[PDB]
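Remember, it's 1-based here, ligands and their atoms both numbered in the order they're listed. Because only heavy atoms are used, hydrogens play no part in the values below, and waters and symmetry mates are left out as well, while side chains stay in. Chain identifiers are assigned alphabetically (A, B, ...) following the order of the sequence lines, protein sequences preceding nucleic acid strands; residue numbering begins at 1 within each chain.
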Amino acid sequence: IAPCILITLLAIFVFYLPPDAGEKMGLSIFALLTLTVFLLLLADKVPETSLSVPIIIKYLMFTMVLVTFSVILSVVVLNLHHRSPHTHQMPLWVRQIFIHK
Amino acid sequence: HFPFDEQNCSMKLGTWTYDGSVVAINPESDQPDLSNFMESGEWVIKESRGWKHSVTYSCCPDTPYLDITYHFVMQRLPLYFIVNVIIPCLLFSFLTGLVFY
Ligand SMILES: *[C@@H]1O[C@H](CO)[C@@H](O[C@@H]2O[C@H](CO)[C@@H](O[C@@H]3O[C@H](CO[C@H]4O[C@H](CO)[C@@H](O)[C@H](O)[C@@H]4O)[C@@H](O)[C@H](O[C@H]4O[C@H](CO)[C@@H](O)[C@H](O)[C@@H]4O)[C@@H]3O)[C@H](O)[C@H]2NC(C)=O)[C@H](O)[C@H]1NC(C)=O
């Protein structure tokens with residue numbers, strides 16, 4: 001539980017990392033790799049029946065989904081950041097929402 | 001079809017040293033008795049049935065060999081394998097295509 005909480009905290013803190021550092025992908029994806037290691041840890045302990053899902057497995061899969069979405073949204077942010085000005089024209093509504101409001 | 005696989009496991013029972021001419025075995029009922037069966041957390045018994053079979057070999061035309069074969073058709077409960085195996089694979093497969101963005 002405590003390693004999962006720490007990994008979740010790092011997944012949160014990825015979004016404060018500046019795009020110019022070039023380190024969002026490494027942090028988020030290594031968090032996912034660590035969570036896979038903890039899945040391997042749990043593989044030897046959890047029950048093997050199929051009538052319901054253990055709550056710890058639910059928490060682990062919730063954490064993995066969170067880290068996956070952190071990777072996805074970091075990719076989206078980097079796509080916006082590294083967008084070529086001459087090839088890509090900013091639509092006006094993007095300006096009104098994300099620069100003014 | 002694992003983890004959505006259905007099995008059909010039989011139990012052949014017979015008098016090892018006595019042939020049908022000296023000992024005859026007959027089923028008590030058409031089906032195995034599941035009155036005191038404990039519910040499994042990984043399999044569901046869809047069907048069950050016992051069949052009596054008499055076989056005469058060419059070398060032994062006067063000593064038929066009898067058996068009773070109880071078969072159990074079982075359908076796996078796939079929730080454990082869906083949650084623990086398939087969902088992480090789906091997450092990795094979805095993350096695979098994000099590199100092109
Ligand atoms: C899972 O796997 C098991 C095998 O391990 C299957 O069991 C077979 O089930 C079928 C029926 O579904 C059995 O066939 C039936 O055999 C009966 C007995 O025949 C034997 O005994 C006589 C007398 O000694 C011999 O002459 C004969 O050669 C055999 O040795 C028959 O009485 C049955 O006839 C009835 O059904 C048929 C078909 O509907 C009708 O036409 C007849 O009129 C009559 O109503 C029938 O033939 C078979 O023998 C079983 N095998 C074994 C080894 O047990 C399961 O069916 C299978 N489950 C699924 C869902 O796939």
Do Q31(B) and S48(B) have side-chain N/O donor and acceptor atoms under 3.5 Å apart?
yes
Separation between CD (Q89(A)) and CZ (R83(A)), nearest 0.5 Å, reads 11.5 Å
Notebook entry, point to check: Has the side chain of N84(B) got a donor or acceptor atom that lies under 3.5 Å from a matching backbone atom of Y80(B)?
Noted result: yes
The remaining residues in the hydrophobic cluster of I86(B), counting side-chain heavy-atom contacts under 4.5 Å among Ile, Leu, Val, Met, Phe, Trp and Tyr, are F4(B), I82(B)
**Prompt:** Is the backbone N or O of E42(B) less than 3.5 Å from a side-chain atom of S40(B), with the two atoms forming a donor-acceptor pair by type?
**Reply:** yes
- Item | Any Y65(B) side-chain heavy atom under 4.5 Å of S54(B) side chain | no
Are any protein N/O atoms closer than 3.5 Å to the N/O atoms of ligand 1? If there are, list each pair with names and the distance to one decimal place.
{"residue": "ligand 1", "atom": "2 (O)", "partner": "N8(B)", "partner atom": "OD1", "Å": "3.4"}
{"residue": "ligand 1", "atom": "2 (O)", "partner": "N8(B)", "partner atom": "ND2", "Å": "2.5"}
{"residue": "ligand 1", "atom": "7 (O)", "partner": "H71(B)", "partner atom": "ND1", "Å": "3.2"}
{"residue": "ligand 1", "atom": "9 (O)", "partner": "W51(B)", "partner atom": "NE1", "Å": "2.9"}
{"residue": "ligand 1", "atom": "21 (O)", "partner": "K52(B)", "partner atom": "O", "Å": "3.0"}
{"residue": "ligand 1", "atom": "24 (O)", "partner": "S54(B)", "partner atom": "N", "Å": "3.4"}
{"residue": "ligand 1", "atom": "54 (O)", "partner": "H53(B)", "partner atom": "NE2", "Å": "2.9"}
{"residue": "ligand 1", "atom": "58 (N)", "partner": "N8(B)", "partner atom": "ND2", "Å": "3.0"}

